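As structure tokens, the structure follows; a few thoughts come after it.
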Amino acid sequence: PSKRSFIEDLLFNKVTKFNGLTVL
Amino acid sequence: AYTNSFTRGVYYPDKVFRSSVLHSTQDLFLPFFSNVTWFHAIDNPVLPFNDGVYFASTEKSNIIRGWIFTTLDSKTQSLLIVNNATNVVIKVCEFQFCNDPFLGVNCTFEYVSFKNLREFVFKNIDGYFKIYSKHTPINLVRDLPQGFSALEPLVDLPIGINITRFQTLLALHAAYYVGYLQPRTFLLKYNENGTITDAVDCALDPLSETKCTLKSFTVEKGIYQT
Amino acid sequence: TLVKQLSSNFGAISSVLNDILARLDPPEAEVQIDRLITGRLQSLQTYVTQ
Amino acid sequence: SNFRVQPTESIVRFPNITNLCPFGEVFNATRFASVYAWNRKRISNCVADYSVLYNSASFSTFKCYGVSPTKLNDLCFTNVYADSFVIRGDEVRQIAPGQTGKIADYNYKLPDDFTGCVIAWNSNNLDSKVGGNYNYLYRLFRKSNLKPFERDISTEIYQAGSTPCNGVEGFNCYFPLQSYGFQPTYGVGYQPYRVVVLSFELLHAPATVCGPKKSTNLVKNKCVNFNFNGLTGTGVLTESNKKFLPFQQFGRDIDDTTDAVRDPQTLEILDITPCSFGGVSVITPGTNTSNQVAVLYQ
Amino acid sequence: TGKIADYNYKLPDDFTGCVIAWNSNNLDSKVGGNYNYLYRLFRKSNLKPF
Ligand SMILES: *[C@@H]1O[C@H](CO)[C@@H](O)[C@H](O)[C@H]1NC(C)=O
Ligand SMILES: *[C@@H]1O[C@H](CO)[C@@H](O)[C@H](O)[C@H]1NC(C)=O
Ligand SMILES: *[C@@H]1O[C@H](CO)[C@@H](O)[C@H](O)[C@H]1NC(C)=O
Ligand SMILES: *[C@@H]1O[C@H](CO)[C@@H](O)[C@H](O)[C@H]1NC(C)=O
Ligand SMILES: *[C@@H]1O[C@H](CO)[C@@H](O)[C@H](O)[C@H]1NC(C)=O
Ligand SMILES: *[C@@H]1O[C@H](CO)[C@@H](O)[C@H](O)[C@H]1NC(C)=O
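Laid out in structure tokens, this is it:
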């Protein structure tokens, strides 16, 4: 899908708001 | 004799809708895997109202029709609910009916509206008599169904005079599952559509306390301080 | 935890700020808001430090 | 700096029914009781017309705690309890949150979290009896202190000595109830006053009773202000597909913030999200080179 | 919070400075009448400092 490899694909698949708080 | 109420008798605490959240509240509920009574009235008993009464019933022909909730002797108030005209008839009276209870086939307050478990729930708090219920089509004789069924409020009757007894009025020309309510801490698993499907009592065994402090129904390997 | 600290009381009569401002006009809103501000500020400082 | 839109219109909604209610029925009463009976009325299911109290200048001050008296016309309640007991009007100080006093330790008790009014005022002839005052009597010392808002109907002769005082009053024996023998032409400054307590319940249920404020229409898709029966906020209201069960009124989210609402008049589903805000960031080369700037809204 | 505090006189937040009161029913009693002093009744809006 993006540009990655098989191993990096597994690595991303294996890891898984406005009351003042903000996310950059 | 008795029977074990496996998970029976949990109600929505407050009117606030939610979704997919494990909310924790502190309110009067019937403890999990507790010990409920199993009457064979008819010969009609009189029971306490210590903090709230979880009252089931299994009747296809609906002989379990009335209630009464106090000195009972027309010198103090009452809540004589005769539930047999259209939907409900409720009175707060002191009149000539507290002699010998059976339903055949002053007055400061008034109100007008085996294949099921009329699992009502009664309580009296802060001048607010609250009722809950739900129905479920199950006909297993000696055992309440395994699972979980949340109770859904019906009516709010704010009079708040006094209740320490209650008693059951049936129709004649045979079953009850009376329990009791304690203050417990419950963890409730709301679903997507908004209806509860599971609950965890934080005062049953160490594993449950682990769950309640961990905010999960799934606990993996480790050592957890509680 | 930082978000959950907003619902706390800290000694005032309520946690929601508008309701406090919706019941008490001249000085007593301020005597409660002092406690609210102190508590929230300490929670924020703790969060920044960790 | 920070960036944030401002609301343009404001909307107030609360149920249609008004049913003006008789506040004065307990004010223009017939008879009063001293400490034993106060009838625990439940004035509710109406609109709180507090304008009836401050229009008359023949009353004492609205000296009470929890809410600014002038703000009493813009709060929306659930249940109001009126306490009707009458006591001496020059001793009217013990009715305060957490204060001592004999009548404040063996009689009517106000709680330390009393969020209600204790409005009380003068009494000239309605309270004072004609041709002698023998009826208005209060019970004397009790066994111990009493829990707040608790009745004390039960009466029994106190026993601390060798005498049970079962009708044998005298010779180191007493009976709390006694006749005062107040003739009319006495120290009118000692006359009892009309004392009423209007407790408020801002705790449990969605608001039910409040003032004659006017309800506008609905606005949609706009950073707006709104007052749907206490539920104040700032955001945009779009009709959401959240399937409320009948008894359900509000809506809340994972971090315990108001998220969805229903209309107290039309039963329509709505939700709430903050209207856009953030920060503003300035991008520029060095001022030594040029004076131009680009700006970013986070 | 009073009628005088509403339509007749008022004070600011801190009010550094103070007030003295002494009895005056010795020269201007003016027995039998004495309608030389008035105060304002109901008004639309409240008042502001000084
Ligand atoms: C219920 O109580 C009875 C007697 O009181 C006892 O024999 C029985 O084991 C109890 N069961 C539970 C589940 O508590
Ligand atoms: C209710 O009545 C019983 C006696 O009938 C009494 O013992 C009890 O104290 C009453 N409840 C309250 C809250 O006073
Ligand atoms: C009304 O209530 C009073 C107070 O207990 C009682 O004496 C009287 O008998 C009652 N009358 C009727 C008709 O219920
Ligand atoms: C939610 O309700 C829909 C019907 O509108 C139903 O099809 C769906 O199964 C329900 N969700 C769950 C988790 O049962
Ligand atoms: C009581 O009656 C008087 C005259 O009878 C009336 O002016 C007043 O509005 C009534 N209500 C109150 C609360 O005083
Ligand atoms: C500021 O700009 C001038 C050109 O006008 C340049 O001569 C000077 O060195 C600059 N200042 C610095 C600190 O570079």
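Chains as they are written, first to last, in the entry's author numbering: chain A, 812 to 827, 854 to 861; chain B, 27 to 68, 80 to 106, 108 to 143, 165 to 172, 186 to 245, 263 to 315; chain C, 961 to 1010; chain D, 316 to 613; chain E, 415 to 464. Ideal placement from N, C-alpha and C gives every residue a C-beta, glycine not left out.
How about residue i and residue j: are their beta carbons less than 7 angstroms apart?
i        : j        : result
D/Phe497 : D/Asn439 : no
D/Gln493 : D/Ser443 : no
B/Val120 : B/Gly103 : yes
D/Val524 : D/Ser359 : yes
D/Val327 : D/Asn542 : yes
D/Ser591 : D/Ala575 : no
B/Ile128 : B/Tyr170 : yes
D/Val407 : D/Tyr508 : yes
C/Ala972 : C/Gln992 : yes
D/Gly413 : D/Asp427 : yes
B/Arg273 : B/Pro57  : yes
D/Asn532 : D/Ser325 : no
D/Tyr365 : D/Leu387 : yes
B/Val36  : B/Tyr266 : no
Return yes when the C-beta of residue i is under 6 angstroms from any heavy atom of ligand 6, and no when it is not.
i        : result
D/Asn603 : yes
Residue i: beta carbon under 6 angstroms from a heavy atom of ligand 3?
i        : result
B/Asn137 : no
B/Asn165 : yes
Residue range of the beta strand (DSSP E) that residue i falls in?
i        : result
D/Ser514 : 507 to 515
B/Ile231 : Careful: B/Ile231 lies outside any beta strand (DSSP E) and carries neither H nor E.
D/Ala575 : 575 to 577
B/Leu54  : 48 to 55
D/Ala609 : 609 to 612
D/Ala397 : 395 to 403
D/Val327 : 325 to 328
Less than 6 angstroms between the CB of residue i and some heavy atom of ligand 5, yes or no?
i        : result
D/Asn343 : yes
D/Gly339 : yes
Does any heavy atom of ligand 1 sit closer than 6 angstroms to the C-beta of residue i?
i        : result
B/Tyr313 : no
B/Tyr28  : yes
D/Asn388 : no
Does at least one heavy atom of ligand 2 sit under 6 angstroms from the Cβ of residue i?
i        : result
D/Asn370 : no
B/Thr108 : yes
B/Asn87  : no
B/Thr236 : yes
Can you determine whether any heavy atom of ligand 4 sits closer than 6 angstroms to the C-beta of residue i, and answer yes or no?
i                      : result
D/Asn556               : no
D/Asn542               : no
B/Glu224               : no
residue 252 of chain B : A gap in chain B, from 245 straight to 263, means residue 252 of chain B has no coordinates in the model shown.
Let's test the definition: count the other Cβ atoms within 10 Å of the Cβ of residue i and tell me whether it reaches 16, buried, or not, exposed.
i        : result
B/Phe201 : buried
B/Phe186 : exposed
B/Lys206 : buried
B/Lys300 : buried
B/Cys166 : exposed
D/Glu516 : buried
B/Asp290 : buried
D/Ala352 : exposed
E/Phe456 : exposed
D/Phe329 : buried
B/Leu242 : buried
B/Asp138 : exposed
D/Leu552 : buried
Which residue marks the beginning of the alpha helix (DSSP H) containing residue i, and which one marks its end?
i         : result
D/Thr599  : Element bounds for D/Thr599: n/a, residue is neither H nor E.
D/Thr547  : That residue, D/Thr547, is in no alpha helix (DSSP H); its beta strand (DSSP E) goes 546 to 550.
E/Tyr421  : 417 to 421
A/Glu819  : 817 to 824
B/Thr63   : Looking at the DSSP string, B/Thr63 is not in any alpha helix (DSSP H); the run it does join, the beta strand (DSSP E), is 60 to 63.
C/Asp979  : 977 to 981
C/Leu1004 : 988 to 1009
Is there a Cβ from chain H that is less than 7 angstroms from the Cβ of residue i?
i        : result
D/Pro322 : No chain H appears in the structure shown, which is made up of the protein chains A, B, C, D and E.
Any heavy atom of ligand 7 closer than 6 angstroms to the Cβ of residue i?
i         : result
C/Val1008 : For the structure depicted, ligand 7 is absent and the ligand set comprises only ligand 1, ligand 2, ligand 3, ligand 4, ligand 5 and ligand 6.
Select from the segment 560 to 572 of chain D all residues with a C-beta closer than 7 angstroms to any C-beta belonging to chain B, and list them in chain order.
Hits within the stretch, in order: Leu560, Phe562, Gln563, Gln564, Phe565, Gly566, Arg567, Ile569.
Closer than 9 angstroms, Cβ to Cβ, to anything on chain D: give me those residues from the segment 962 to 984 of chain C, in chain order.
Taking 9 angstroms as the Cβ-Cβ cut-off against chain D, the residues of the segment 962 to 984 of chain C that qualify are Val963, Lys964, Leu966, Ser967, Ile973, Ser974, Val976, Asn978, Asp979, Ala982, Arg983, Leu984.
Residues from the segment 371 to 397 of chain D in contact with chain C, defined by Cβ distance under 8 angstroms
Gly381, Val382, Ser383, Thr385, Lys386, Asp389, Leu390
Residues of the segment 541 to 559 of chain D in Cβ contact with chain C at a cutoff of 7 angstroms, in chain order, please.
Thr547
Compile a chain-ordered list of the residues in the segment 405 to 417 of chain D whose CB is closer than 7 angstroms to at least one CB of chain A.
none
Please name the residues in the segment 39 to 67 of chain B whose beta-carbon is closer than 7 angstroms to at least one beta-carbon of chain D, in chain order.
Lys41, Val42, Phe43, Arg44, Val47
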